[PDB]
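Visitor: before I ask anything, here's the sequence and the deposited coordinates:
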Amino acid sequence: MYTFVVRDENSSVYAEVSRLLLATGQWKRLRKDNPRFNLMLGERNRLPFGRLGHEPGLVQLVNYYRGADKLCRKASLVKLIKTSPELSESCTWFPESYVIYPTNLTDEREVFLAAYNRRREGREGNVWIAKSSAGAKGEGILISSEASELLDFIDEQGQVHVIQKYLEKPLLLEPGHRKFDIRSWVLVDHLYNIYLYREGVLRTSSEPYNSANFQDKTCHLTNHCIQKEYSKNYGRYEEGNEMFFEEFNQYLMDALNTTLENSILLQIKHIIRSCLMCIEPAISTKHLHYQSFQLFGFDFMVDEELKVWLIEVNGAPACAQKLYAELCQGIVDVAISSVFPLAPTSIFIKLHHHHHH
Amino acid sequence: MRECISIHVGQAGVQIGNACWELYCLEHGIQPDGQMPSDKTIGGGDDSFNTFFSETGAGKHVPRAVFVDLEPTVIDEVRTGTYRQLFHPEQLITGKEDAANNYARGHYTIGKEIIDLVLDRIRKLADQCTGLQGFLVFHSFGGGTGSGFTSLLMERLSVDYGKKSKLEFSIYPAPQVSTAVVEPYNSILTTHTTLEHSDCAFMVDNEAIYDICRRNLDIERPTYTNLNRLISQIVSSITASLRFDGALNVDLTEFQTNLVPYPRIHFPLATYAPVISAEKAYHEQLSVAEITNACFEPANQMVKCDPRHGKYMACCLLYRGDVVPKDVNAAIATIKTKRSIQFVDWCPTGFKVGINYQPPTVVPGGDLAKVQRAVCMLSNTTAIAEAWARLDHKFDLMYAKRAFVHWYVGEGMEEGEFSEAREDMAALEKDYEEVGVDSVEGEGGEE
Amino acid sequence: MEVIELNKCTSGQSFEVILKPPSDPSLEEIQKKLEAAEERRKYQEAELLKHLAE
Amino acid sequence: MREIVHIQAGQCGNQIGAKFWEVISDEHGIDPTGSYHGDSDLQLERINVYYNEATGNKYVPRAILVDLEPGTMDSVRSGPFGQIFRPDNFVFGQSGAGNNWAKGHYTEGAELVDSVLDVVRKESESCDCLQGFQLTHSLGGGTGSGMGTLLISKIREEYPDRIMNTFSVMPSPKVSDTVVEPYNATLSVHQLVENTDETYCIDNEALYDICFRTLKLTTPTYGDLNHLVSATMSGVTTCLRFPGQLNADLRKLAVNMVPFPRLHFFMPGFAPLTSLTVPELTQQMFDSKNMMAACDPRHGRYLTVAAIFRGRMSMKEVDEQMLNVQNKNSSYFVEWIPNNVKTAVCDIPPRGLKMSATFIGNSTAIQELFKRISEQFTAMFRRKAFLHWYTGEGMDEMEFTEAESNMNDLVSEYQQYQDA
Ligand SMILES: Nc1nc2c(ncn2[C@@H]2O[C@H](COP(=O)(O)OP(=O)(O)OP(=O)(O)O)[C@@H](O)[C@H]2O)c(=O)[nH]1
Ligand SMILES: Nc1ncnc2c1ncn2[C@@H]1O[C@H](COP(=O)(O)OP(=O)(O)CP(=O)(O)O)[C@@H](O)[C@H]1O
Ligand SMILES: Nc1nc2c(ncn2[C@@H]2O[C@H](COP(=O)(O)OP(=O)(O)O)[C@@H](O)[C@H]2O)c(=O)[nH]1
Ligand SMILES: [Ca+2]
Ligand SMILES: [Ca+2]
Ligand SMILES: [Ca+2]
Ligand SMILES: [Cl-]
Ligand SMILES: [Mg+2]
Ligand SMILES: [Mg+2]
Ligand SMILES: [Mg+2]
Ligand SMILES: [Mg+2]
């Protein structure tokens, strides 16, 4: 009999993992502060990694990678990319970004303004987007073509922000002429196998994309909460403004005579692997006294040339309603039962590539 | 030459001491009867080994050491064992009844009655020194004597020897070999009262040594004998600079200068490689790069913790055997490009390196194989604070119910001492966090 | 990667390699604490002996 | 922390004590004449904990035999190892205690107790460093219960900084001599709560049930019960009697086992008990059928546990199995005392066995035992039944009311940590 504790009651993904583990009849849930557990489903903040793996006779496993926040914060991600040679300042799949600290607090303000003025003099599109990790859902964001408004916006805030080039030529679904972003779920197990869930989801706008007005952030921000609240056409095209890969692939074939795999997923898989292999030495638990796995939500934008751009990485994703059962069983199969065997046609794509040069 | 006096307190302190002095005699060519044929100055001198050994007219080389325990069975074994002739009775001090795993009994009740004798015996040694540097103090955290008597001794040593340095070798408790439920209490109580009196302390977690013995020496159920021979090798590595010709860490003061820029944060992490089984039939000897790389693996550290997730204030590499600087620097270059090694902003990113050409000495019939080269890394990393968090958490669980507290109050300790000690530990954890961690951007989950 | 303070002797050598630069209670008091705890043991014992006398 | 002085009082106390001395004498290679004929140095290393040495390499138990009538001690003196005891250490009266705590504590016992203390003092005086005392007695009779607890109070007065440990046989209606046992046991338990550091609670019902249900003894005698007790006492004192790191003296044991001063009542257990591998030993030692307080461990929580394994066996496997018990039933070990199970192993197994294990548990379930006694007390006390036997010795009813209250308080303190 294996034992586990639950320390994040708000997690929908792990509430379901918990339910599944119990139904195997081979897992017991301990009081959250009982130390004799096999598995910790940890809290989101200040998870006590330092107390893990000091229990004789217990192999211990936790559902977070210590150090993974570097990938999963707005400003940390920008810095990780700019300062890591194999991602780099010239990284082609991440939008040009600058870390900006509000003046009331290093800061890349002048570097940003320098690039901004260069684009202005060159007649190039010059729309940027100010955001941070503190952007509670739909708020805390500004899209503007004026550097002054962007910087002023940030100075009124109290936490680090990123200013990032705003993608002015997004791929637009028809009918509706509308924006979307792609969410991919990725599970990294204790051996640092990287598994891409075969099902992703497009979170769509239900409002026609309008470049002549970045003030009304409904056709511009694809957040579910924003769409669900301010969009008067919410759900007109797809239930909950969620389009799944079967339909999106069919659209790509009918309309663009291409596939999801070729035009988009090849890039998505490259970006995911590149990101995770970059931080592997910093976070691997390979020779550690406890082991980690973690579920990530990667979010992508696609432009009208079918180039894929990474927007962010979510360290504690939820899942789409209809995908919970399958993803959560997958987590049990590959992240947990792999370490704690019970007494297909995987739902995942294992990401691995070994080019010789 | 400046002398160092070693003080061994309680069972752990004494047994580890015995292992260290045996190893020192083998490294220096001193026989169990104290004679040292290679030493051509009969009856005295000021060689580097004289930092740890005085000399009698008859040519006996006598450890500058005092052994103290509140019951007699462990020190009796020193009195009758292989190296008995090394020591005279005035260096071996025993009480009749021990501190019963109770810091308060060791510190207040029994300590009050033996402390003056112990100081007289240390003074006798000090009076032999032309230029006493200070003290190396060996003890467990968990025992009543190792915890309670040590903190009393340390306090009186600061009074009687104010200008002298004091280093510790401290055994941190591990249930796999521990003998008392109250060891977290004793550990926190002694750490609180000792913090201001100690200039540099090397903590060894029995959990880490135990597992190294299991994993690398293929010992199924390690004994204190197995543990202490390994600990003795690490201690010898650390003190070698005091006992042999060299220019790095050549006096106690230099340990603090090089390893402890911030006085409360005085607990360097030791990491040691390679540990190889003597029973191993076929073994490929490990290179400078291989043993240096091993210094960044938690599996070889004296305390299991993760330095990738803290910051360094200082790093010393101490090599023994066939090592030249060029290979050390090639090794370090490579390791920089592969490992997570972040220093605090107010210290330089670098390594102080000492090489002694003599490979490690192994005790005949020991568990450790002879190797061509070995290294001990001493790094002051905030990651070691994970060990304080573990201990403080166990303390908190028991103290919230006042479990076992009556045993301490019964020896005349006030309950307030628990909370005072624990607050001091809370501030310590905070100091480590402040020095070691950059704020993580906050968020407005379910994303 | 600068090597500095290289020192050599017959028994070994030492040096430093830099990758990057930067950016008590008195005897009286101890005595009093030990005596105060003794007074407390003495008091607790006196209380016990009084209870046994009753 | 070297010498222990042993006292055995009353019929039960002397009968179990005699058996204890026969059993550990055999283990230490001591024959009935006090001569050593062993083949292992482990046998003698700590022999001084329980035995004094005499001229001619003779070993004499540091044992004092107390009773208010001569019968049982005459039998002891005629027994197998009877000649091994110090003749001057038999201290006895003639009038008996009539199964009456008041006679043991206040009248008959009061007249004899100074002469017992004289012998205790003589034994203590020849100790290099006395650890403390161990007393064997029943709580249901008059001498062991009443006089035994009187002795404990006087010993504490004279040696207040020494440890007091008892092996205390708790009465049961199923294995009973008289109806007043619950009165005697209630009066005694209050004395034990105050004046002992460690009390092993041995329920005669548990002993009986083990003999009948498990050992398949159709009609157990006190002798059969005492064989179990013997074996258990040998097991629980192994750590005091042989070289070792854990619980090697009475105070270190107390510090490991007693987190609150009044909760010092332990359930002992023994394995094997059969009509053997490490796993089997380990499962049987934690088995309620192997414990001797007639309390269900699953009805409470363990504050602390000491396990002692004896025989040649893999320490690796021992450690593995003990971890498996705690990790698989972690809910029965209070979470606010980390690492509260300590394990020792001694190479020397008891007679007739290749390996064995002994269990000492400080469990809140022990409240069931005090509850049973409390119920039996009240059934009679509500009608003041049988009280004339006590009032005739000068006691008043208020002392009974106070003892009952004290024991109900003990029960309440266990329950508090059961819900903690
Ligand atoms: N590494 C190592 N640890 C030891 C040794 N002896 C004891 N310990 C550890 O030290 C702690 C117990 O303290 P001891 O040193 O035995 O106690 P003491 O200082 O003699 O104090 P009292 O016996 O309480 O008077 C436990 O955590 C043991 O595991 C040893 O020889 N080597
Ligand atoms: N550089 C850019 N170009 C175009 N659109 C962008 C953009 N950056 C953000 N967006 C829009 O804003 C959304 C993401 O904003 P952001 O990622 O800060 O919100 P979020 O962190 O709440 C998403 P999640 O729920 O995955 O965490 C995308 O869905 C996209 O529609
Ligand atoms: N286990 C056991 N219990 C006994 C023995 N003799 C008496 N008893 C129990 O002890 C209690 C009676 O006390 P007893 O020792 O005979 O009275 P005392 O001589 O006045 O101390 C009852 O609970 C009996 O069941 C014995 O030899 N073994
Ligand atoms: Ca000389
Ligand atoms: Ca000082
Ligand atoms: Ca009379
Ligand atoms: Cl001085
Ligand atoms: Mg997004
Ligand atoms: Mg986000
Ligand atoms: Mg000791
Ligand atoms: Mg009788």
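Guide: Alright, I've got the coordinates. Numbering: from 1, shown residues only, chains lettered A, B, ... in the order given. Ligands and ions are numbered 1, 2, ... in the order given.
Visitor: is stretch B:146-154 positioned near chain D?
Guide: No: legend: contact between stretch B:146-154 and chain D by Cβ under 8 Å from any Cβ of the partner chain is lacking; minimum distance shown is 12.9 Å. Bear in mind the C-beta positions are built from the backbone N, C-alpha and C, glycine included.
Visitor: what sits up against that stretch?
Guide: In this structure, residues lying in contact with stretch B:146-154 by Cβ atoms under 8 Å, 6 or more residues apart in numbering or on different chains are B:7, B:9-13, B:68, B:70, B:99, B:102-108, B:110-111, B:114-115, B:118, B:137, B:139-141, B:166, B:171, B:186-187, B:189-190, B:193-194, B:197-198, C:30, C:34.
Visitor: quick one, strands of the stretch 1-150 of chain D?
Guide: D:4-9, D:51-54, D:58-61, D:63-67, D:90-92, D:132-138 (DSSP state E, counting those that start in this stretch).
Visitor: in CSV: those strands, plus distance to chain C and mean neighbour count.
Guide: Shown next, in CSV, are the strands of the stretch 1-150 of chain D (distance: least, Cβ to the nearest Cβ, whole Å; neighbours: other Cβ atoms under 10 Å in any protein chain shown):
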stretch, distance to chain C, mean neighbour count
strand D:4-9, 18, 26
strand D:51-54, 29, 17
strand D:58-61, 29, 19
strand D:63-67, 20, 27
strand D:90-92, 22, 20
strand D:132-138, 16, 27
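Visitor: do you know which of the ones you listed lies nearest residue B:261?
Guide: Nearest to residue B:261 among those is strand D:132-138; the distance by Cβ to Cβ comes to 50.8 Å.
Visitor: helix or strand: which one has the residue nearest the centre of chain B?
Guide: Residue closest to the average C-alpha location in chain B (Cα atoms, centre = their mean): residue B:169, at 2.2 Å. For residue B:169, the host element (DSSP states H and E) is strand B:165-172.
Visitor: before we move on, back to that, mind listing which of the contacts of stretch B:146-154 are in strands?
Guide: B:7, B:9, B:68, B:137, B:139-140, B:166, B:171 (DSSP state E).
Visitor: which one of those residues is nearest residue D:135?
Guide: residue B:140 (33.7 Å).
Visitor: what's the burial count for the closest one?
Guide: When counting by other Cβ atoms under 10 Å in any protein chain shown, one arrives at 30 neighbours for residue B:140.
Visitor: that one touches residue B:10, doesn't it?
Guide: Yes: look at residue B:140 against residue B:10 with Cβ atoms under 8 Å: they come within range, at 5.8 Å.
Visitor: show me what contacts the residue nearest to the centre of chain B?
Guide: B:16, B:136-139, B:201-202, B:204, B:231, B:235.
Visitor: who wins for most neighbours among those residues?
Guide: Of the contacts of residue B:169, with other Cβ under 10 Å as the count, residue B:139 tops at 32 neighbours.
Visitor: for it, give me its contacts.
Guide: B:8-10, B:12-13, B:145-147, B:150, B:168-171.
Visitor: if we can go back for a sec, what about the strand holding residue B:169, near ligand 1?
Guide: Yes: judged by Cβ under 6 Å from any ligand atom, strand B:165-172 and ligand 1 are in contact via residue B:171.
Visitor: picking up where we left off before, out of the contacts of residue B:169, who's nearest residue D:123?
Guide: Among those, residue B:139 lies closest to residue D:123 (Cβ to Cβ), at 35.8 Å.
Visitor: about what we covered before: can you list the ones in strands among the contacts of stretch B:146-154 in JSON lines and add distance to ligand 3?
Guide: Shown next, in JSON lines, are those (distance: Cβ to the nearest ligand atom, whole Å):
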{"residue": "B:7", "distance to ligand 3": "52"}
{"residue": "B:9", "distance to ligand 3": "46"}
{"residue": "B:68", "distance to ligand 3": "47"}
{"residue": "B:137", "distance to ligand 3": "52"}
{"residue": "B:139", "distance to ligand 3": "46"}
{"residue": "B:140", "distance to ligand 3": "42"}
{"residue": "B:166", "distance to ligand 3": "58"}
{"residue": "B:171", "distance to ligand 3": "45"}
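Visitor: and the one helix or strand residue D:308 maps to, C-alpha only, in CSV?
Guide: Taking DSSP H and E as the definition, one finds residue D:308 inside strand D:302-311. Provided in CSV are the C-alpha atoms of strand D:302-311 (Å, rounded to 0.1, in the frame of the first residue of the first chain):
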residue,chain,number,x,y,z
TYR,D,302,1.3,5.0,20.3
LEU,D,303,3.2,7.9,22.0
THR,D,304,6.4,5.9,22.0
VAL,D,305,7.5,2.3,21.4
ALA,D,306,10.6,0.3,22.2
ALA,D,307,11.3,-2.9,20.3
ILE,D,308,14.0,-5.4,21.3
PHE,D,309,15.0,-8.3,19.1
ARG,D,310,17.0,-11.2,20.3
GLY,D,311,19.0,-13.9,18.5
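Visitor: for the stretch 51-200 of chain D, what lies in contact range of chain B?
Guide: Within reach of chain B by Cβ under 8 Å from any Cβ, the stretch 51-200 of chain D has these residues: D:128-129.
Visitor: switch to 6 Å and redo it
Guide: By the rule Cβ under 6 Å from any Cβ of the partner chain, the part of the stretch 51-200 of chain D lying against chain B is residue D:129.
Visitor: in the stretch 51-200 of chain D, what residue is nearest chain C?
Guide: Across the stretch 51-200 of chain D, no residue is closer to chain C than residue D:157, which sits at 4.6 Å (Cβ to the nearest Cβ).
Visitor: quick one: that residue is in a helix?
Guide: Yes: applying DSSP: H, G, I helix; E, B strand; the rest coil, one finds residue D:157 inside a helix.
Visitor: residue contacts, residue D:6?
Guide: Contact analysis of residue D:6 by Cβ atoms under 6 Å, 6 or more residues apart in numbering or on different chains lists D:63, D:134.
Visitor: can you name the residues bridging to it?
Guide: Bridge pairing for residue D:6 (DSSP bridges) gives the partners residue D:63, residue D:134.
Visitor: got a list of what residue A:189 touches?
Guide: A:293, A:334-335.
Visitor: please repeat the previous calculation with a cut-off of 10 Å.
Guide: Counting by Cβ atoms under 10 Å, 6 or more residues apart in numbering or on different chains, residue A:189 makes contact with A:61, A:195, A:291-294, A:331, A:334-336, A:338-339, A:348, A:350.
Visitor: okay if I get those as CSV plus secondary structure?
Guide: CSV is the format used below for these (three-state DSSP):
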residue, secondary structure
A:61, strand
A:195, strand
A:291, strand
A:292, strand
A:293, coil
A:294, strand
A:331, helix
A:334, helix
A:335, helix
A:336, helix
A:338, coil
A:339, coil
A:348, strand
A:350, strand
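Visitor: out of those, who's nearest ligand 8?
Guide: Set against ligand 8, the nearest of the contacts of residue A:189 by Cβ to the ion is residue A:294 (18.6 Å).
Visitor: for the spatially closest residue to the closest one that is not a sequence neighbour, helix, strand, or coil?
Guide: Nearest-residue entry for residue A:294: residue A:65, 4.6 Å, with adjacent residues in sequence omitted and distances by Cβ to Cβ, 6 or more residues apart in numbering or on different chains. The assignment at residue A:65 comes out as coil when based on three-state DSSP.
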